[PDB]
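Written below as structure tokens is the structure these notes are about.
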Amino acid sequence: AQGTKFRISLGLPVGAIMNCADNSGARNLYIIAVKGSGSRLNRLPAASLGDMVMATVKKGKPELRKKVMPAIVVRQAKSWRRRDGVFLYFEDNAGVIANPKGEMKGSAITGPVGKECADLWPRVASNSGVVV
Amino acid sequence: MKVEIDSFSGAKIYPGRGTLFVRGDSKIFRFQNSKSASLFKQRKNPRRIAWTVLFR
Amino acid sequence: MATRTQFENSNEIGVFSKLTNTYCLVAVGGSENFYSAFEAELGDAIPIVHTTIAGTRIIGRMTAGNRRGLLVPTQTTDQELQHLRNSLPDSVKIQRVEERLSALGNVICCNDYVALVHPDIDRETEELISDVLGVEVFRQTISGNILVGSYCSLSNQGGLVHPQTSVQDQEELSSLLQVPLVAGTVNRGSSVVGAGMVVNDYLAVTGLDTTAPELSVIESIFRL
RNA sequence: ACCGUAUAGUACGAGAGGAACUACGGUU
């Protein structure tokens, strides 16, 4: 994919449970696999910010529940390295559901997004309030 | 921009270092060092602290 | 006229560029095919300023502005600001704005006469916008979306809004913005017309995937 | 060992689609 432009240590593995950053109706997501990156650590597949991941909906509205959908990791607890050298870490781990095409709706994110991510998925960026 | 001032104490920050805090509403706080950040986390205000340049 | 291009393989031109009647901002790391899309029809007419905003290259979503002024997030570095002041004409005011609803480009939608803002914006900020852009500001929602700058492409000639916007809102918005408005899509079905294309009174740049019908509506409503 | 950019929306192709040499940035 396009260079993220920052160094990332994958915070999440398959099976990790994470917050769903949007108003799709899905509260929490389970990461099944990492698709838009490829399985990076492969034996225990790992995903981090900027990766596109396949997920299943653990918690949310019944319509959403158990749906298998694609998503993008917006934030993670484990730190990142900026070119400048500063490391950035977030409060929690979260992802936003995205479509097959690669769009968000792109109601809002709520919350800030990494510039690295916005660059990779412009449409998602096109709906971010702030990008850090 | 060429010169950087600590958004906390007010002292100059040596270039190539310091940390930047992201507010989430995209506000920015540039901290010269951990001590300042620690105080801020404390929820103290720099004006209150005598040692700070801002206060003095 | 109206042209098509891509930033890398992205059709969302509005995300990586900002176009007004007096200036054009483009992301710093674009390709020749992307830059040419503007250089080829703007020529030596108006300044084409390469830039980053807050260190990012999604300058189209990170800023908002028109011929008179440009609004940039607080996190805009002094280096980027100095570079902007130097490149853009003196008649345009560059002001930092402190709002956290979303990226400036999604919260604000404007032309040289009117501007729509996120409906939850505070009064102080709404006055600042009106002041710097020297425009009339109105809190609005396009087809329910609060991210007005993301669901509305506007020039002084016409405008394009979310494809589901009712005819009643279209009629009211036309009156409010003083330009013909039509619900439509860009880049083959996208309803995010605000991020999918950039446009001013004489040129419209959209993504390579914009269909024939979609490009027809564009050069027709923006009168190109 | 891989991804990305320039090459290039080019060669090739009715069209859909869609390379390379080389030079770069980065990841694992």
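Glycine gets a Cβ as well: all are built from the backbone with ideal geometry, and neighbour counts include every protein chain shown. Read-outs: derived from the displayed coordinates by stated rules, not from any lab.
Values computed for the structure shown
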{"read-out": "Hey, residue A:42 of a type in the set (S, T, N, Q), in a loop (DSSP other than H, G, I, E, B) and within 16 Å of RNA strand D (Cβ to nearest atom) or not", "value": "yes"}
{"read-out": "Filtered residue count, the stretch C:1-17, keeping only those that are buried (at least 24 other Cβ atoms within 10 Å of the Cβ) and away from RNA strand D (no atom under 13 Å from the Cβ)", "value": "5"}
{"read-out": "Of all residues in the stretch C:1-35 being in contact (Cβ under 8 Å) with a residue 12 or more places away in the chain and in a helix (DSSP H, G or I), the one that is nearest to the other protein chains (Cβ to nearest Cβ)", "value": "C:15"}
{"read-out": "The stretch C:183-204, residues that are away from chain A (no Cβ under 11 Å), surrounded by fewer than 24 Cβ atoms within 10 Å (Cβ to Cβ) and either within 16 Å of RNA strand D (Cβ to nearest atom) or part of a loop (DSSP other than H, G, I, E, B) (or both)", "value": "C:184, C:185, C:201, C:202, C:203"}
{"read-out": "Hits in the stretch B:1-33 (condition: away from chain C (no Cβ under 14 Å) and exposed (fewer than 11 other Cβ atoms within 10 Å of the Cβ))", "value": "B:14, B:16"}
{"read-out": "Selected residue (only one of A:112, A:122 is crowded, with 17+ Cβ neighbours inside 10 Å, facing chain C (nearest Cβ under 9 Å) and free of Cβ contacts under 8 Å to residues at least 12 places away in the same chain)", "value": "A:122"}
{"read-out": "Filtered residue count, the stretch A:77-132, keeping only those that are farther than 23 Å from residue C:206 by Cβ, in a loop (DSSP other than H, G, I, E, B) and of a type in the set (A, V, I, L, M)", "value": "6"}
{"read-out": "Some residue of the stretch A:6-17 being assigned to a loop (DSSP other than H, G, I, E, B), in contact with a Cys (Cβ under 8 Å, 6 or more places away or on another chain), touching a residue at least 60 places away in the same chain (Cβ under 8 Å) and closer than 19 Å to residue A:132 by Cα", "value": "no"}
{"read-out": "So residue A:11, is it within 14 Å of RNA strand D (Cβ to nearest atom) and within 14 Å of chain C (Cβ to nearest Cβ)", "value": "no"}
{"read-out": "Any hit, the stretch A:61-76, residues being within 11 Å of the chain's Cα centre (by Cα), within 13 Å of another protein chain (Cβ to nearest Cβ) and closer than 22 Å to residue C:146 by Cα", "value": "yes"}
{"read-out": "Residue ranges of helices (runs of 4 or more DSSP H) in the stretch C:41-108 with at least 2 members within 12 Å of chain B (Cβ to nearest Cβ), in contact with a strand residue (DSSP E or B) (Cβ under 9 Å, 6 or more places away or on another chain) and buried (at least 21 other Cβ atoms within 10 Å of the Cβ)", "value": "C:104-107"}
{"read-out": "Residues that are more than 17 Å from the chain's Cα centre (by Cα) and over 24 Å from residue C:213 (Cα atoms), drawn from the stretch C:9-34", "value": "C:28, C:29, C:30, C:31, C:32"}
{"read-out": "Within the stretch B:1-51, tally of residues that are assigned to a loop (DSSP other than H, G, I, E, B) and touching a helix residue (DSSP H, G or I) at 6+ places or on another chain (Cβ under 8 Å)", "value": "7"}
{"read-out": "Whichever residue in the stretch C:205-224 is part of a loop (DSSP other than H, G, I, E, B) and under 22 Å from residue C:60 (Cα atoms) and, among such residues, is nearest to RNA strand D (Cβ to nearest atom)", "value": "C:208"}
